[PDB]
Amino acid sequence: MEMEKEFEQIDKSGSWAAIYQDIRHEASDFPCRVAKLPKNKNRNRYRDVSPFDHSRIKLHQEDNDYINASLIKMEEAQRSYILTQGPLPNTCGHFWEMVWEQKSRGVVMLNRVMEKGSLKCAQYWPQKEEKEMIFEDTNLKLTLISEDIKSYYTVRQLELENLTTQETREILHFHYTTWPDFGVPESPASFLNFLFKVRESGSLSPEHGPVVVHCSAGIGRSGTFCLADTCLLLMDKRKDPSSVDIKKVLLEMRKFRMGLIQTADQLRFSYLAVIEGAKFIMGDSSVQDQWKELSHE
Ligand SMILES: O=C1CN(c2ccccc2)S(=O)(=O)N1
């Protein structure tokens, strides 16, 4: 595959930093006016990470429709994702409101509530079934139905209810717990095992709203996850891994949200995951169980 040759080429000349910095230089620049309004200062976790006005998700409420989230619509691949920051103590209600209004089925969390001794995300979901959460502001109820804890990730079945209409929906929460901030997965096997788990749940299917993906800022780890998934989907459509230009795809994604993929090594890891994942797309069913093994699930 073209990417495989390119990989060795860059790896040989050890120029990932140069390749990565080039993408940053070419990346799109669009207005983030709403995000910067004074009334929204307390709705942003990082002053330097904001959603573009053109692709930001709007909450369905007259008061304030702002939430730090972006709709990444990949027209070519035919899949959309909503990338957002880890919710703040005051935006947990906004977060579930977004999940409801956008009709999402799954939520992918790639960070931990606490990392490097600091709080990177609010405890926005219930940890015990007996203690449901109620969000007054958005009038939503959230209950833990069950959870399947594994070595490095946990899958929870949640029940989201619109207290206004009393409708109920099943939300699946996929939590990757071993992906360090500004870091990379333990191995592509571990990452791919997790991605396919999300895929097998139907959370990424077009019959549901876009899956919600987030880490702390919603650009680094979240970008890596989406880049890998989109690239695998593309070569799957054509059944031709050579037709995928990883850098072009990343640049296309960056038209919807700034700074996707935060380090040169996260870019390098992306190449590894996609090249590895190609094995499955090309008809090798056995590698999935191979990944499950190596992942030390
Ligand atoms: O790897 C990373 C680095 N991130 C980040 C990006 C900007 C500020 C703070 C943290 S992320 O939470 O988007 N994932």
# chains A, B, ... in the order shown; residues from 1 in each chain; ligands from 1
call {"tool": "residues_near_ligand", "arguments": {"ligand": "ligand 1", "cutoff": "10 Å", "atoms": "only C-alpha atoms and all ligand atoms", "output": "MDAnalysis selection string"}}
result
chainID A and resid 45:49 83:86 110:112 120:121 179:184 214:224 259:263 266
call {"tool": "write_last_selection", "arguments": {"atoms": "C-alpha atoms", "output": "PDB file, in the first residue's frame"}}
result
ATOM      1  CA  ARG A  45     -12.121  23.852  28.889  1.00  0.00           C
ATOM      2  CA  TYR A  46      -9.114  25.131  26.937  1.00  0.00           C
ATOM      3  CA  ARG A  47      -8.750  28.734  25.729  1.00  0.00           C
ATOM      4  CA  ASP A  48      -6.834  27.522  22.664  1.00  0.00           C
ATOM      5  CA  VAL A  49      -9.303  24.826  21.564  1.00  0.00           C
ATOM      6  CA  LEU A  83     -15.911  15.563  18.463  1.00  0.00           C
ATOM      7  CA  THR A  84     -16.238  17.484  21.725  1.00  0.00           C
ATOM      8  CA  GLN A  85     -14.190  18.447  24.811  1.00  0.00           C
ATOM      9  CA  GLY A  86     -14.474  16.503  28.061  1.00  0.00           C
ATOM     10  CA  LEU A 110     -10.521   8.181  25.278  1.00  0.00           C
ATOM     11  CA  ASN A 111      -9.361   9.814  28.523  1.00  0.00           C
ATOM     12  CA  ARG A 112      -9.709   9.355  32.287  1.00  0.00           C
ATOM     13  CA  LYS A 120      -9.416  16.457  32.642  1.00  0.00           C
ATOM     14  CA  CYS A 121     -13.132  15.651  32.541  1.00  0.00           C
ATOM     15  CA  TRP A 179      -4.478   6.171  26.431  1.00  0.00           C
ATOM     16  CA  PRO A 180      -2.182   8.834  27.968  1.00  0.00           C
ATOM     17  CA  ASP A 181      -2.678  12.541  27.247  1.00  0.00           C
ATOM     18  CA  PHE A 182      -0.490  13.499  24.268  1.00  0.00           C
ATOM     19  CA  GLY A 183       0.366   9.805  24.039  1.00  0.00           C
ATOM     20  CA  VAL A 184      -0.388   6.705  21.971  1.00  0.00           C
ATOM     21  CA  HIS A 214     -14.087  12.997  23.189  1.00  0.00           C
ATOM     22  CA  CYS A 215     -10.918  12.984  25.253  1.00  0.00           C
ATOM     23  CA  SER A 216      -9.914  16.055  27.268  1.00  0.00           C
ATOM     24  CA  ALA A 217      -9.713  18.686  24.506  1.00  0.00           C
ATOM     25  CA  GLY A 218     -11.389  16.569  21.818  1.00  0.00           C
ATOM     26  CA  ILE A 219      -8.695  16.873  19.143  1.00  0.00           C
ATOM     27  CA  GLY A 220      -5.662  14.709  19.918  1.00  0.00           C
ATOM     28  CA  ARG A 221      -6.775  11.232  20.932  1.00  0.00           C
ATOM     29  CA  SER A 222     -10.236  11.882  19.449  1.00  0.00           C
ATOM     30  CA  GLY A 223      -8.670  12.862  16.135  1.00  0.00           C
ATOM     31  CA  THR A 224      -6.514   9.739  16.033  1.00  0.00           C
ATOM     32  CA  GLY A 259      -5.750  20.587  15.736  1.00  0.00           C
ATOM     33  CA  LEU A 260      -6.913  17.019  15.088  1.00  0.00           C
ATOM     34  CA  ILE A 261      -3.971  14.778  16.074  1.00  0.00           C
ATOM     35  CA  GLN A 262      -1.706  16.617  18.529  1.00  0.00           C
ATOM     36  CA  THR A 263       1.743  15.046  18.125  1.00  0.00           C
ATOM     37  CA  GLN A 266       0.029  10.199  17.137  1.00  0.00           C
TER      38      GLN A 266
END
call {"tool": "residues_around", "arguments": {"residues": "residue 26 of chain A", "least_positions_apart": "5", "cutoff": "12 Å", "atoms": "only C-alpha atoms", "output": "VMD selection string"}}
result
chain A and resid 19 to 21 247 to 248 250 to 252 254 to 255 258 to 259
call {"tool": "write_last_selection", "arguments": {"atoms": "N, CA and C atoms", "output": "PDB file, in the first residue's frame"}}
result
ATOM      1  N   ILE A  19       6.942  16.122   8.677  1.00  0.00           N
ATOM      2  CA  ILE A  19       5.699  15.766   8.001  1.00  0.00           C
ATOM      3  C   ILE A  19       4.509  16.334   8.768  1.00  0.00           C
ATOM      4  N   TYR A  20       4.520  16.129  10.082  1.00  0.00           N
ATOM      5  CA  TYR A  20       3.449  16.596  10.958  1.00  0.00           C
ATOM      6  C   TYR A  20       3.330  18.113  10.982  1.00  0.00           C
ATOM      7  N   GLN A  21       4.460  18.801  11.119  1.00  0.00           N
ATOM      8  CA  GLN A  21       4.445  20.258  11.147  1.00  0.00           C
ATOM      9  C   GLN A  21       3.947  20.826   9.829  1.00  0.00           C
ATOM     10  N   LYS A 247      -2.680  11.582   4.891  1.00  0.00           N
ATOM     11  CA  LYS A 247      -2.524  13.014   5.148  1.00  0.00           C
ATOM     12  C   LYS A 247      -3.672  13.844   4.565  1.00  0.00           C
ATOM     13  N   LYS A 248      -4.126  13.490   3.366  1.00  0.00           N
ATOM     14  CA  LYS A 248      -5.226  14.211   2.724  1.00  0.00           C
ATOM     15  C   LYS A 248      -6.484  14.091   3.586  1.00  0.00           C
ATOM     16  N   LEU A 250      -6.665  13.533   6.829  1.00  0.00           N
ATOM     17  CA  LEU A 250      -6.513  14.315   8.052  1.00  0.00           C
ATOM     18  C   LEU A 250      -6.800  15.789   7.771  1.00  0.00           C
ATOM     19  N   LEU A 251      -6.284  16.287   6.649  1.00  0.00           N
ATOM     20  CA  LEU A 251      -6.508  17.677   6.278  1.00  0.00           C
ATOM     21  C   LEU A 251      -7.992  17.934   6.016  1.00  0.00           C
ATOM     22  N   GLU A 252      -8.685  16.957   5.436  1.00  0.00           N
ATOM     23  CA  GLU A 252     -10.116  17.110   5.177  1.00  0.00           C
ATOM     24  C   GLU A 252     -10.825  17.209   6.539  1.00  0.00           C
ATOM     25  N   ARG A 254      -9.586  18.299   9.339  1.00  0.00           N
ATOM     26  CA  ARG A 254      -9.241  19.572   9.962  1.00  0.00           C
ATOM     27  C   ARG A 254     -10.027  20.764   9.415  1.00  0.00           C
ATOM     28  N   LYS A 255     -10.840  20.544   8.386  1.00  0.00           N
ATOM     29  CA  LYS A 255     -11.660  21.635   7.868  1.00  0.00           C
ATOM     30  C   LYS A 255     -12.852  21.799   8.823  1.00  0.00           C
ATOM     31  N   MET A 258     -10.276  22.175  14.516  1.00  0.00           N
ATOM     32  CA  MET A 258      -8.852  22.467  14.619  1.00  0.00           C
ATOM     33  C   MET A 258      -8.017  21.453  15.390  1.00  0.00           C
ATOM     34  N   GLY A 259      -6.728  21.435  15.066  1.00  0.00           N
ATOM     35  CA  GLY A 259      -5.750  20.587  15.736  1.00  0.00           C
ATOM     36  C   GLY A 259      -5.938  19.091  15.897  1.00  0.00           C
TER      37      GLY A 259
END
call {"tool": "atom_distance", "arguments": {"atom1": "atom CA of residue 160 of chain A", "atom2": "atom CA of residue 128 of chain A"}}
result
14.9 Å
call {"tool": "residues_around", "arguments": {"residues": "segment 195-200 of chain A", "least_positions_apart": "5", "cutoff": "8 Å", "atoms": "only C-alpha atoms", "output": "list in words"}}
result
residues 174, 205, 225 and 229 of chain A
call {"tool": "closest_residue", "arguments": {"among": "A:116, A:292, A:60, A:237", "to": "residue 102 of chain A", "atoms": "only C-alpha atoms"}}
result
A:60
call {"tool": "residues_around", "arguments": {"residues": "residue 2 of chain A", "least_positions_apart": "2", "cutoff": "6 Å", "atoms": "only C-alpha atoms", "output": "list in words"}}
result
residues 4, 5 and 242 of chain A
call {"tool": "atom_distance", "arguments": {"atom1": "atom CA of residue 107 of chain A", "atom2": "atom CA of residue 213 of chain A"}}
result
5.9 Å
call {"tool": "select_by_dssp", "arguments": {"residues": "segment 55-250 of chain A", "states": "helix (DSSP H, G or I)", "output": "ChimeraX atom specification"}}
result
/A:92-101,188-200,221-238,241-243,246-250
call {"tool": "closest_residue", "arguments": {"among": "A:78, A:164, A:40, A:13", "to": "residue 90 of chain A", "atoms": "only C-alpha atoms"}}
result
A:40
call {"tool": "atom_distance", "arguments": {"atom1": "atom CA of residue 11 of chain A", "atom2": "atom CA of residue 265 of chain A"}}
result
11.0 Å
call {"tool": "residues_around", "arguments": {"residues": "residue 131 of chain A", "least_positions_apart": "3", "cutoff": "9 Å", "atoms": "only C-alpha atoms", "output": "list in words"}}
result
residues 126, 127, 128, 143 and 144 of chain A
call {"tool": "residues_around", "arguments": {"residues": "segment 150-159 of chain A", "least_positions_apart": "4", "cutoff": "7 Å", "atoms": "only C-alpha atoms", "output": "PDB file with N, CA, C and O atoms, in the first residue's frame"}}
result
ATOM      1  N   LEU A 142     -30.290  10.091  33.583  1.00  0.00           N
ATOM      2  CA  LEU A 142     -29.313   9.104  33.124  1.00  0.00           C
ATOM      3  C   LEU A 142     -29.070   8.006  34.168  1.00  0.00           C
ATOM      4  O   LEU A 142     -28.684   8.291  35.306  1.00  0.00           O
ATOM      5  N   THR A 143     -29.268   6.756  33.760  1.00  0.00           N
ATOM      6  CA  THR A 143     -29.099   5.616  34.655  1.00  0.00           C
ATOM      7  C   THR A 143     -28.122   4.574  34.132  1.00  0.00           C
ATOM      8  O   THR A 143     -28.115   4.268  32.937  1.00  0.00           O
ATOM      9  N   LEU A 144     -27.301   4.024  35.024  1.00  0.00           N
ATOM     10  CA  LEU A 144     -26.360   2.979  34.647  1.00  0.00           C
ATOM     11  C   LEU A 144     -27.137   1.661  34.669  1.00  0.00           C
ATOM     12  O   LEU A 144     -27.678   1.271  35.710  1.00  0.00           O
ATOM     13  N   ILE A 145     -27.193   0.975  33.532  1.00  0.00           N
ATOM     14  CA  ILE A 145     -27.922  -0.282  33.447  1.00  0.00           C
ATOM     15  C   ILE A 145     -27.013  -1.486  33.674  1.00  0.00           C
ATOM     16  O   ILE A 145     -27.401  -2.446  34.346  1.00  0.00           O
ATOM     17  N   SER A 146     -25.805  -1.427  33.117  1.00  0.00           N
ATOM     18  CA  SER A 146     -24.829  -2.497  33.259  1.00  0.00           C
ATOM     19  C   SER A 146     -23.492  -2.031  32.704  1.00  0.00           C
ATOM     20  O   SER A 146     -23.412  -1.008  32.027  1.00  0.00           O
ATOM     21  N   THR A 168     -37.315   7.083  26.094  1.00  0.00           N
ATOM     22  CA  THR A 168     -36.122   6.422  26.612  1.00  0.00           C
ATOM     23  C   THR A 168     -35.240   5.860  25.503  1.00  0.00           C
ATOM     24  O   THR A 168     -35.731   5.309  24.516  1.00  0.00           O
ATOM     25  N   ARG A 169     -33.929   6.006  25.671  1.00  0.00           N
ATOM     26  CA  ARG A 169     -32.975   5.503  24.689  1.00  0.00           C
ATOM     27  C   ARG A 169     -31.786   4.829  25.342  1.00  0.00           C
ATOM     28  O   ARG A 169     -31.368   5.210  26.435  1.00  0.00           O
ATOM     29  N   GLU A 170     -31.245   3.826  24.660  1.00  0.00           N
ATOM     30  CA  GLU A 170     -30.079   3.113  25.150  1.00  0.00           C
ATOM     31  C   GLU A 170     -28.836   3.769  24.571  1.00  0.00           C
ATOM     32  O   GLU A 170     -28.700   3.876  23.354  1.00  0.00           O
ATOM     33  N   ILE A 171     -27.936   4.202  25.447  1.00  0.00           N
ATOM     34  CA  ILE A 171     -26.689   4.823  25.019  1.00  0.00           C
ATOM     35  C   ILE A 171     -25.550   3.919  25.481  1.00  0.00           C
ATOM     36  O   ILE A 171     -25.517   3.507  26.637  1.00  0.00           O
ATOM     37  N   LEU A 172     -24.639   3.597  24.571  1.00  0.00           N
ATOM     38  CA  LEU A 172     -23.487   2.762  24.889  1.00  0.00           C
ATOM     39  C   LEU A 172     -22.297   3.684  25.103  1.00  0.00           C
ATOM     40  O   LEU A 172     -22.045   4.578  24.290  1.00  0.00           O
ATOM     41  N   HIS A 173     -21.573   3.462  26.198  1.00  0.00           N
ATOM     42  CA  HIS A 173     -20.407   4.280  26.548  1.00  0.00           C
ATOM     43  C   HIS A 173     -19.156   3.414  26.448  1.00  0.00           C
ATOM     44  O   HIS A 173     -18.995   2.455  27.199  1.00  0.00           O
ATOM     45  N   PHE A 174     -18.280   3.749  25.510  1.00  0.00           N
ATOM     46  CA  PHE A 174     -17.039   3.012  25.302  1.00  0.00           C
ATOM     47  C   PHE A 174     -15.904   3.832  25.890  1.00  0.00           C
ATOM     48  O   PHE A 174     -15.552   4.883  25.367  1.00  0.00           O
ATOM     49  N   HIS A 175     -15.333   3.332  26.981  1.00  0.00           N
ATOM     50  CA  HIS A 175     -14.275   4.051  27.685  1.00  0.00           C
ATOM     51  C   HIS A 175     -12.896   3.410  27.595  1.00  0.00           C
ATOM     52  O   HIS A 175     -12.657   2.359  28.194  1.00  0.00           O
ATOM     53  N   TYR A 176     -11.995   4.049  26.848  1.00  0.00           N
ATOM     54  CA  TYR A 176     -10.618   3.581  26.696  1.00  0.00           C
ATOM     55  C   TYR A 176      -9.882   4.193  27.889  1.00  0.00           C
ATOM     56  O   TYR A 176      -9.748   5.411  27.963  1.00  0.00           O
ATOM     57  N   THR A 177      -9.398   3.362  28.810  1.00  0.00           N
ATOM     58  CA  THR A 177      -8.747   3.884  30.016  1.00  0.00           C
ATOM     59  C   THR A 177      -7.214   3.922  30.074  1.00  0.00           C
ATOM     60  O   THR A 177      -6.651   4.379  31.071  1.00  0.00           O
ATOM     61  N   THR A 178      -6.540   3.464  29.024  1.00  0.00           N
ATOM     62  CA  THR A 178      -5.079   3.437  29.027  1.00  0.00           C
ATOM     63  C   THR A 178      -4.388   4.250  27.923  1.00  0.00           C
ATOM     64  O   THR A 178      -3.276   3.923  27.503  1.00  0.00           O
ATOM     65  N   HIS A 296      -4.418  -8.174  25.327  1.00  0.00           N
ATOM     66  CA  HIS A 296      -4.411  -8.583  26.728  1.00  0.00           C
ATOM     67  C   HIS A 296      -5.687  -8.073  27.383  1.00  0.00           C
ATOM     68  O   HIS A 296      -5.685  -7.605  28.521  1.00  0.00           O
ATOM     69  N   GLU A 297      -6.778  -8.172  26.631  1.00  0.00           N
ATOM     70  CA  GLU A 297      -8.096  -7.731  27.065  1.00  0.00           C
ATOM     71  C   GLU A 297      -8.398  -8.205  28.487  1.00  0.00           C
ATOM     72  O   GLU A 297      -7.668  -9.090  28.971  1.00  0.00           O
TER      73      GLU A 297
END
call {"tool": "closest_residue", "arguments": {"among": "A:256, A:185, A:211, A:231", "to": "residue 54 of chain A", "atoms": "only C-alpha atoms"}}
result
A:256
call {"tool": "closest_residue", "arguments": {"among": "A:186, A:115, A:76, A:293", "to": "residue 238 of chain A", "atoms": "only C-alpha atoms"}}
result
A:76
call {"tool": "decode", "arguments": {"residues": "segment 10-45 of chain A", "atoms": "N, CA and C atoms", "output": "mmCIF file, in the first residue's frame"}}
result
data_model
loop_
_atom_site.group_PDB
_atom_site.id
_atom_site.type_symbol
_atom_site.label_atom_id
_atom_site.label_comp_id
_atom_site.auth_asym_id
_atom_site.auth_seq_id
_atom_site.Cartn_x
_atom_site.Cartn_y
_atom_site.Cartn_z
ATOM 1 N N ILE A 10 9.427 7.717 5.484
ATOM 2 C CA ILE A 10 9.489 8.731 6.533
ATOM 3 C C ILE A 10 10.224 8.203 7.761
ATOM 4 N N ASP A 11 9.915 6.966 8.133
ATOM 5 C CA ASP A 11 10.527 6.323 9.287
ATOM 6 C C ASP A 11 12.034 6.169 9.080
ATOM 7 N N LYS A 12 12.430 5.879 7.844
ATOM 8 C CA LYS A 12 13.840 5.710 7.509
ATOM 9 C C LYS A 12 14.582 7.036 7.666
ATOM 10 N N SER A 13 14.021 8.096 7.090
ATOM 11 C CA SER A 13 14.629 9.418 7.167
ATOM 12 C C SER A 13 14.278 10.119 8.476
ATOM 13 N N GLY A 14 13.523 9.432 9.331
ATOM 14 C CA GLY A 14 13.121 10.003 10.605
ATOM 15 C C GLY A 14 12.634 11.436 10.475
ATOM 16 N N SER A 15 11.569 11.638 9.704
ATOM 17 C CA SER A 15 11.040 12.979 9.495
ATOM 18 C C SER A 15 9.555 13.132 9.817
ATOM 19 N N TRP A 16 9.095 12.457 10.863
ATOM 20 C CA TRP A 16 7.694 12.559 11.251
ATOM 21 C C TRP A 16 7.375 13.960 11.760
ATOM 22 N N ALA A 17 8.332 14.571 12.451
ATOM 23 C CA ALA A 17 8.134 15.915 12.978
ATOM 24 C C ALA A 17 7.930 16.901 11.833
ATOM 25 N N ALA A 18 8.713 16.738 10.772
ATOM 26 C CA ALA A 18 8.615 17.614 9.611
ATOM 27 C C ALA A 18 7.291 17.390 8.882
ATOM 28 N N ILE A 19 6.942 16.122 8.677
ATOM 29 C CA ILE A 19 5.699 15.766 8.001
ATOM 30 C C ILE A 19 4.509 16.334 8.768
ATOM 31 N N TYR A 20 4.520 16.129 10.082
ATOM 32 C CA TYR A 20 3.449 16.596 10.958
ATOM 33 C C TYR A 20 3.330 18.113 10.982
ATOM 34 N N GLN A 21 4.460 18.801 11.119
ATOM 35 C CA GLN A 21 4.445 20.258 11.147
ATOM 36 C C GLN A 21 3.947 20.826 9.829
ATOM 37 N N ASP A 22 4.137 20.075 8.750
ATOM 38 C CA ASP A 22 3.689 20.525 7.442
ATOM 39 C C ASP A 22 2.166 20.510 7.394
ATOM 40 N N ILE A 23 1.568 19.488 7.998
ATOM 41 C CA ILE A 23 0.116 19.380 8.035
ATOM 42 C C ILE A 23 -0.456 20.554 8.833
ATOM 43 N N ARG A 24 0.192 20.889 9.944
ATOM 44 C CA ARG A 24 -0.275 21.996 10.771
ATOM 45 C C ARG A 24 -0.268 23.297 9.981
ATOM 46 N N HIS A 25 0.776 23.493 9.184
ATOM 47 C CA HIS A 25 0.910 24.700 8.377
ATOM 48 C C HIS A 25 -0.150 24.809 7.287
ATOM 49 N N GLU A 26 -0.525 23.674 6.705
ATOM 50 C CA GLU A 26 -1.526 23.644 5.643
ATOM 51 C C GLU A 26 -2.967 23.594 6.149
ATOM 52 N N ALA A 27 -3.139 23.239 7.417
ATOM 53 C CA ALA A 27 -4.468 23.136 8.016
ATOM 54 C C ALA A 27 -5.342 24.375 7.822
ATOM 55 N N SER A 28 -6.645 24.141 7.681
ATOM 56 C CA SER A 28 -7.641 25.193 7.487
ATOM 57 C C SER A 28 -7.751 26.149 8.670
ATOM 58 N N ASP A 29 -8.189 27.372 8.385
ATOM 59 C CA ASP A 29 -8.381 28.395 9.409
ATOM 60 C C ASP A 29 -9.761 29.012 9.176
ATOM 61 N N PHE A 30 -10.635 28.901 10.169
ATOM 62 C CA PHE A 30 -11.984 29.443 10.071
ATOM 63 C C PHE A 30 -12.339 30.173 11.362
ATOM 64 N N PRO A 31 -13.338 31.066 11.309
ATOM 65 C CA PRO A 31 -13.767 31.838 12.479
ATOM 66 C C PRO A 31 -14.387 30.996 13.596
ATOM 67 N N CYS A 32 -14.079 31.368 14.839
ATOM 68 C CA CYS A 32 -14.609 30.712 16.035
ATOM 69 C C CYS A 32 -15.233 31.826 16.875
ATOM 70 N N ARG A 33 -16.000 32.690 16.217
ATOM 71 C CA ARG A 33 -16.641 33.826 16.867
ATOM 72 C C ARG A 33 -17.519 33.496 18.069
ATOM 73 N N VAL A 34 -18.473 32.593 17.886
ATOM 74 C CA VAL A 34 -19.375 32.239 18.973
ATOM 75 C C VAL A 34 -18.607 31.714 20.185
ATOM 76 N N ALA A 35 -17.705 30.771 19.941
ATOM 77 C CA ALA A 35 -16.915 30.177 21.018
ATOM 78 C C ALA A 35 -16.197 31.225 21.854
ATOM 79 N N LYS A 36 -15.783 32.313 21.205
ATOM 80 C CA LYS A 36 -15.050 33.383 21.873
ATOM 81 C C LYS A 36 -15.874 34.470 22.557
ATOM 82 N N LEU A 37 -17.197 34.414 22.423
ATOM 83 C CA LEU A 37 -18.069 35.389 23.075
ATOM 84 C C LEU A 37 -17.873 35.302 24.591
ATOM 85 N N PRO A 38 -17.884 36.453 25.278
ATOM 86 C CA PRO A 38 -17.698 36.465 26.729
ATOM 87 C C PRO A 38 -18.658 35.570 27.505
ATOM 88 N N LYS A 39 -19.909 35.492 27.063
ATOM 89 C CA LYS A 39 -20.889 34.668 27.764
ATOM 90 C C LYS A 39 -20.594 33.170 27.700
ATOM 91 N N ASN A 40 -19.652 32.771 26.851
ATOM 92 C CA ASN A 40 -19.320 31.356 26.728
ATOM 93 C C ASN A 40 -17.967 31.003 27.318
ATOM 94 N N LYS A 41 -17.320 31.975 27.947
ATOM 95 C CA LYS A 41 -16.007 31.724 28.513
ATOM 96 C C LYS A 41 -15.980 30.492 29.427
ATOM 97 N N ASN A 42 -17.005 30.316 30.257
ATOM 98 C CA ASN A 42 -17.025 29.175 31.168
ATOM 99 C C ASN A 42 -17.537 27.869 30.551
ATOM 100 N N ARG A 43 -17.707 27.851 29.230
ATOM 101 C CA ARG A 43 -18.169 26.641 28.551
ATOM 102 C C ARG A 43 -17.025 25.995 27.771
ATOM 103 N N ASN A 44 -15.843 26.613 27.831
ATOM 104 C CA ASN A 44 -14.646 26.108 27.155
ATOM 105 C C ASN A 44 -13.609 25.646 28.175
ATOM 106 N N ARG A 45 -13.108 24.430 27.987
ATOM 107 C CA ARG A 45 -12.121 23.852 28.889
ATOM 108 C C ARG A 45 -10.727 24.396 28.618
#
